[PDB]
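Next up is one chain by itself, shown in structure tokens, the form solved without coenzyme A.
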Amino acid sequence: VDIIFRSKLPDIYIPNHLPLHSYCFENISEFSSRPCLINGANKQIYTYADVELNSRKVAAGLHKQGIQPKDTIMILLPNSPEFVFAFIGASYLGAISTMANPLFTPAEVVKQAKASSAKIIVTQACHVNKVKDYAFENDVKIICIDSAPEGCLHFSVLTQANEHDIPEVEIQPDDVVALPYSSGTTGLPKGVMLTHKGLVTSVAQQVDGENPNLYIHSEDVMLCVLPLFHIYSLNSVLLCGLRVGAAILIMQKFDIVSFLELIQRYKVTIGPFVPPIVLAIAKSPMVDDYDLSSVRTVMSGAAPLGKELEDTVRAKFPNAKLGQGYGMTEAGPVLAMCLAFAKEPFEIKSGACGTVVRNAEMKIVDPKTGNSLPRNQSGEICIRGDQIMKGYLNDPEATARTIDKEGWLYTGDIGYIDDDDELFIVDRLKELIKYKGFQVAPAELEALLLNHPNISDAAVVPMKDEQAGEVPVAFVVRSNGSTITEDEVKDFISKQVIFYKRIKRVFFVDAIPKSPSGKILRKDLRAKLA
């Protein structure tokens, strides 16, 4: 007998029979002349009508270039209007976009291209070298958004196409539309098949309903400073933004000053961040010199964030609801979303990752028995609903091990749900540090380290130890100014925690490695230790 957790919100109608473009643009007529994409680099504004129009032009363009239903294009781009136009244009065709980290090595880009069977790679001149030979040898066309050197087509060859030249197409709910990849935090990146049905479901779960979990409307301005090739931005910023008619402000590269200025300048109202952004915000002393009163909702997604740091940043946006969302590529991606974001906001506790999304079921399973758990007990987070992935790309066996025959997705994440239906993430199961019979969550310690005014960044990993099995160790970046000592660090931790959570060694460093998508690269630090 499974003990099953659900949202405090009612189930709603989800039109997951509609293709993604059709769902996203369903209500476009009520906001057609509102800004859709704001290019922060050049101040250029595309209206809702511009964006549908360019997307339809690109679809027609892709079709003339040989893109057929179920064919794949690769997007190898930084955030830009053209990323959007390509993604949606492929969708118009019943085709598929795979999205690649543009700072990947040539071996990486090629592997992804081979695996996804991309017929076209849409990128910039600066990356052409990565895929030049491979493309020629495999009749894969290369289209550049900026200038098109030897053998490449320019993106304009897509936008020259006529919007009324999109062919008749029969799109199935279960057709793939997106091939995002996991961030590779725990190993090589995995290709994930996301469907029209999955993504419409997941966008609806967030922004539709009488009382939506994530309340966004056509007068909001959503900042987009996270990579759209990761599923958190593409879904919760781009697709959710389109669905409700919000302006999407496109930044390329976060730095705290640029960030604050653009927020002020463009009157951003929705801030979809990650813990490294929140960390920056909490440690900067100048946040107070800026007019951030417009910001009404601040989300942190993508990675563990502790309550003390979350609270620090809370105090710096007294005008906003601040809270967390929890996503996993394999999950569509959103599994839970802060209810302080709802149109009729619920109460929340600091440090929760949210409450499981409506129109879904969640269970917490102990991984040593396999039995589901009651409230306030730590186990493996599981989820079932229409939003989850069709499966891993070219890997039905891993899919089968990951989503069981009951249609339960097993995240590999440990968590508990408390009496208020808030979810808390402990850490990734395999990241739990094994000190005798005890299990230590690296993220709990990291949260406490980040609390120290003289610490600017940190990561906790296990070390090989003779009699304990593994001991917790910490990598610490000192603040500018301070010369905090190893023993100062250890004693600071020691005063606050139960004995088996103590830090055995601290190593001072200049930086902690992180994915572009905002997750600490713990494995890279293990390798430094080994």
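The first residue of the sequence shown is number 1, and the count goes up from there. Note that the rigid core is defined as the largest set of C-alphas that superpose within 1.5 Å between two forms.
What follows is about the form solved in complex with coenzyme A, which we do not show.
Open or blocked: coenzyme A, posed as in the entry with it bound, superposed onto this form via site C-alphas, with 3 or more ligand atoms within 2.4 Å of backbone or C-beta counting as blocked?
-> Transferred pose: blocked.
State the residue from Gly209, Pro276, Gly94, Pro442 whose non-hydrogen atoms include one within 4.5 Å of coenzyme A in the entry with it bound.
-> Partner contact (heavy atom, 4.5 Å) among the options: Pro276.
Which pick from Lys343, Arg314, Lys267, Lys434 sits with a heavy atom within 4.5 Å of coenzyme A in the entry with it bound?
-> In short, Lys434.
Classify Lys368 as contacting or not contacting coenzyme A in the entry with it bound by the rule of any non-hydrogen atom within 4.5 angstroms, answering yes or no.
-> No - in the entry with it bound, heavy atoms of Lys368 and coenzyme A never come within 4.5 Å of each other.
Does the 4.5 Å heavy atom contact test between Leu103 and coenzyme A in the entry with it bound come out positive?
-> Contact with coenzyme A, yes.
In the entry with it bound, does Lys253 have a heavy atom within 4.5 Å of coenzyme A?
-> Yes, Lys253 is a contact residue.
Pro227: heavy atom within 4.5 Å of coenzyme A in the entry with it bound?
-> Yes, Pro227 is a contact residue.
At 4.5 angstroms, heavy atoms only, are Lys111, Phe475 and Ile512 all close to coenzyme A in the entry with it bound?
-> None of them does, since no heavy atom lies within 4.5 Å of the partner.
Can you say which of 452 to 460, 219 to 227, 165 to 173, 395 to 403 gets within 4.5 Å of coenzyme A in the entry with it bound, counting heavy atoms only?
-> Going through the listed ranges, the match is 219 to 227.
If you fit the two forms on their rigid core, which residue out of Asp208, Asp457, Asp175, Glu422 shows a CA shift of at least 2 Å between the shown form and the other one?
-> Comparing the C-alpha positions, the one residue that moves 2 Å or more is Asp457.
Compare the position of the CA of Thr185 between the shown form and the other one after a rigid core fit and state whether the shift reaches 2 Å.
-> It does, since the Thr185 C-alpha is displaced 2 Å or more between the shown form and the other one after the core fit.
Examine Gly323 after superposing the rigid core and state whether its CA is displaced by 2 Å or more between the shown form and the other one.
-> Shift at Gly323: below 2 Å after core fit.
So, does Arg314 move by 2 Å or more at the CA between the shown form and the other one, with the core held fixed?
-> For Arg314, whose C-alpha is compared between the shown form and the other one after core superposition, the shift is 2 Å or more.
Report the direction of the Cα distance change between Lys519 and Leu339 in the entry with it bound, compared with the displayed form, as closer or farther; the change is 3 Å or more.
-> Farther: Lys519 and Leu339 separate by 3 Å or more in the entry with it bound.
Using the form shown as baseline, tell whether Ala474 and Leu322 are closer or farther in Cα-Cα distance in the entry with it bound, where the change reaches 3 Å or more.
-> Those two alpha carbons end up farther apart in the entry with it bound.
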